[PDB]
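Structure first, then comments.
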Number of protein chains: 2
Amino acid sequence: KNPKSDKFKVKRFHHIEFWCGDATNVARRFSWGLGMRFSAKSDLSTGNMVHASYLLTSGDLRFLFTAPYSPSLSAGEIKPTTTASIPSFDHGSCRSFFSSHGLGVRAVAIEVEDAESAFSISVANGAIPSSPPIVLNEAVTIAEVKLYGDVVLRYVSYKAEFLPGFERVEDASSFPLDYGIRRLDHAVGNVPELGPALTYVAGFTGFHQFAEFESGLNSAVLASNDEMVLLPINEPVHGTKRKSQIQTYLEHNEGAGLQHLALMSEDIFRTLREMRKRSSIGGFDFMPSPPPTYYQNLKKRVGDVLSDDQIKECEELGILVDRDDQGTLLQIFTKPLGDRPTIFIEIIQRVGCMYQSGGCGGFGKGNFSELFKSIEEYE
Amino acid sequence: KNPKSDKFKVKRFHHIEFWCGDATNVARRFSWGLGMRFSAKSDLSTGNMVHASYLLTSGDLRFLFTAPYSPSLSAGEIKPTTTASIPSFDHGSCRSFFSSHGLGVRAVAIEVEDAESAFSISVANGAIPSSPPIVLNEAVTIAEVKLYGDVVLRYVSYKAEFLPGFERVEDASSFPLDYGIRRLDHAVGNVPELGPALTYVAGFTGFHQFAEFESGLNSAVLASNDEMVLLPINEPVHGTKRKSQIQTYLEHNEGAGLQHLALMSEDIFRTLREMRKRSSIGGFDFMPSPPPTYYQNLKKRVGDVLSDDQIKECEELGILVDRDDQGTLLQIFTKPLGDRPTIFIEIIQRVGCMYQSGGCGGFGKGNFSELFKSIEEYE
Ligand SMILES: CCN(CC)C(=O)N(C)c1ccc(C(=O)Nc2nnnn2C)c(C(F)(F)F)n1
Ligand SMILES: CCN(CC)C(=O)N(C)c1ccc(C(=O)Nc2nnnn2C)c(C(F)(F)F)n1
Ligand SMILES: [Co+2]
Ligand SMILES: [Co+2]
């Protein structure tokens, strides 16, 4: 049941902003590991004496990597006279964020019809303001409200090139990498208690609950009107045998924050082939493959959507497949993106629901015991 | 004139330690950009609840990348009960270092006959203690004294595998990259005033001055007895036409620190070919090539050591060559390794002085006007 209760008009994920200590090194690692291209920059070469920001993009996906310079470079400026292209940026907030959380996402940014109305309506419905609406170059307005822990939801709208103040990087410094990933599918937070986290976020957005046809966690998914913007949220279930990786997240992250970004690819087999080739030469590593008892048991679960030639292809790459009432889902997980066992990336491709409807296949909830039973069948 | 006045027995560069905010992402970028292999680790998988440290090595060169975890993971430990494998590590120092300087070198580590005597003799001759000698697993002793700004000189000695507490990483996670770089040649600091910086460092080491057969800077080089350990130091010359890149360093770095690491390669042409191939896919970029007026004018300067077939090879890669009284030197510079225009890397190969004697060829001092005259000859 989709009541379409969005309190304002939201279009689609716009970008994800990472707060790091060195933007260049993280951005270069991500660029090579994920086959994202170097798109735009704001830094000292563009007159930005405040922060260094680098945008990677592939398909519609935009990853923004930001880090602070020395405050001494901008000591004489004031907020109206600033050179920062992200007006919400602040040195102490950024330093306090990275020192507290390690590498992680600061903002999940959705495009809206009008950011200032989206900001006004939001706080009027309970959102905690983070940065009030600011109009950039009479062309883009930007506003931020708190989402959970230290991550904010960032509203973006254009009257009418990424953002004012950003230059387009040299064509020779830009190399057209592409491993098939195309857009952000969903972004998932971990919180100490989901109920208040849901009430608050559903409270100011009007997002509705998505259908979700020892766990380790309890989860629930928030969705815009066309179910394109999807914001799941997990919580721990204290008392299981094996300590919950959600609670593990909370202790190493110092509280709530973004757990994983799920990136959809137009060809998951080719994406995984190219990311796997780079695992040990600077890219990303993946979580251990499941035992073949799993892939042996899958013909009896998805043999209608997939030829056993390509289910074999799934066992090579360690891909995971599940199915909901309407579609089936292929998914695999990277190991944590940095030092701490916190934020990781999911690669997904969804088939069905045709002009594809959001959420087609669910989020792999059935895999918890599809893997557990599989582990048991081996031993 | 080499008086051999070293106040204690120093063998050779041991390692370089980088303090970052995320050790993994910097280490992966460096590994791919420089063709260094993943060698050893100390982190949560090795029981280290304090810091994450990753060693890359190629030839005799060892790059150590360290970042702090949340202090909450180790809140109950005390210095005798610590799990840190680098006993000198401290959370506040590390966080204050990276927030102040950006990515940069914290320690230049030289191997000695006996670290505690080297530490004792050093401070007795003026060194400012940083971390007193500590014996690791009755097998390695470690001590640190201040060198300039916030970088320390780290003494290492073995009675008799990198350091106690470090495990050797899995062979499948280790990929045998190698672009020909083999050992560290010299490491160069920038300071506000060189005289006091030299007096102090020459004061506690006994290192002697190396021969150095609008500048932009004034420099001087410190050398151990066999002139293997080389510690140059630059200072600005205020008042030139173009602002001194040394002073530029000091303002963006927030004071003194390490300016460049010079890595020697067994085949600079192949090193540069392989690093250049990766410039735009995650590696390192190089400073703009010189105009061919330079390479046209070089036959009349080094045509005896190099065939014009390989001087052509030098013009492709933008390599730079100079010569001293005994040897000739090939060198090229990377752009800064991170966000700030601070620390960069030099690649070098030295021919001559044969069983090769340190410093063979100098440090490219003649290139300042070999490039200036060349720039003028074009225009
Ligand atoms: C190998 C270990 N491993 C992942 C670490 C698993 O075993 N399993 C069973 C899964 C399966 C799906 C998802 C997921 O993606 N859920 C989701 N995505 N959006 N909303 N939700 C709720 C997650 C995750 F990522 F949340 F933890 N774990
Ligand atoms: C392209 C711009 N550019 C480098 C940025 C230059 O134009 N020139 C002329 C040089 C030449 C050599 C060295 C060097 O390596 N000197 C050294 N090494 N050890 N001791 N010393 C004193 C340096 C450096 F790296 F110090 F700045 N600059
Ligand atoms: Co997911
Ligand atoms: Co040099």
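Just so you know, ligand 1 is whichever comes first in the structure, and atom 1 is the first atom listed for that ligand. Chain letters run A, B, ... following the sequence lines, proteins first and then strands; every chain starts at 1. Any value given below was found using the heavy atoms of this structure, including those in side chains, with hydrogens, waters and symmetry copies removed.
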**OP:** Return yes or no for this condition: an N or O of A:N234 is under 3.5 Å from an N or O of ligand 1.
**Re:** no
Original post:
Within the stated cut-off of 2.8 Å, is an N/O/S atom of B:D185 closer than that to the Co ion (ligand 4)?
Top reply: no
Original post:
Which ligand 2 atoms, with their elements, are less than 4.0 angstrom from a heavy-atom of B:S219?
Top reply: 22 (C)
Original post:
Should B:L34 and B:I345 be marked as a side-chain contact (heavy atoms from CB on, under 4.5 Å) after you check the CA-CA gap, both sets of side-chain angles, and the distance that decides it?
Top reply: CA-CA 10 Å; B:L34 293 154; B:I345 280 187; 4.0 Å; yes
Original post:
How long is the span from the CD1 atom in B:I16 to the CG atom in B:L61, to the nearest 0.5 Å?
Top reply: 8.0 Å
Original post:
What distance separates B:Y148 OH from B:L231 CG, expressed to the nearest 0.5 Å?
Top reply: 6.5 Å
Subject >> Derivation of the side-chain hydrogen bond (donor to acceptor under 3.5 Å, both in side chains) call for B:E227 and B:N2 >> reply: CA-CA 8 Å; B:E227 325 225 330; B:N2 183 351; 2.7 Å; yes
Subject >> Closest B:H260 atom to the Co ion (ligand 4) [N, O or S only] >> reply: NE2
Subject >> Sub-4.0 Å atoms of ligand 2 with respect to non-hydrogen atoms of B:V188 >> reply: 18 (N), 19 (N), 20 (N)
**OP:** Kindly assign one of parallel, tilted or perpendicular to the pair A:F363 and A:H186, based on the angle between their ring planes and the thresholds 30° and 60°.
**Re:** perpendicular
**OP:** Show which atoms of ligand 2 fall inside a sub-4.0 Å distance from at least one heavy-atom site of B:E346.
**Re:** 15 (O)
**OP:** Using only N, O or S atoms, tell me which atom of B:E346 is closest to the Co ion (ligand 4).
**Re:** OE1
Subject >> Selection from B:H186, B:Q245, B:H260, B:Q331 by shortest heavy-atom distance to atom 26 (F) of ligand 2 >> reply: B:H260
Subject >> Numbering as shown, the atoms of ligand 2 that approach B:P232 to under 4.0 Å (heavy-atom distance) >> reply: 19 (N), 20 (N)
**OP:** Tell me, with the steps shown, if B:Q259 and B:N234 meet side-chain hydrogen bond (donor to acceptor under 3.5 Å, both in side chains).
**Re:** CA-CA 9 Å; B:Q259 176 196 53; B:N234 314 323; 2.9 Å; yes
Subject >> Closest to atom 4 (C) of ligand 2 (judged by heavy-atom distance), picking from B:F286, B:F333, B:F368, B:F210 >> reply: B:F333
Subject >> Distance in Å, B:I181 CD1 paired with B:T271 OG1, rounded so as to fall on 0.5 Å steps >> reply: 7.0 Å
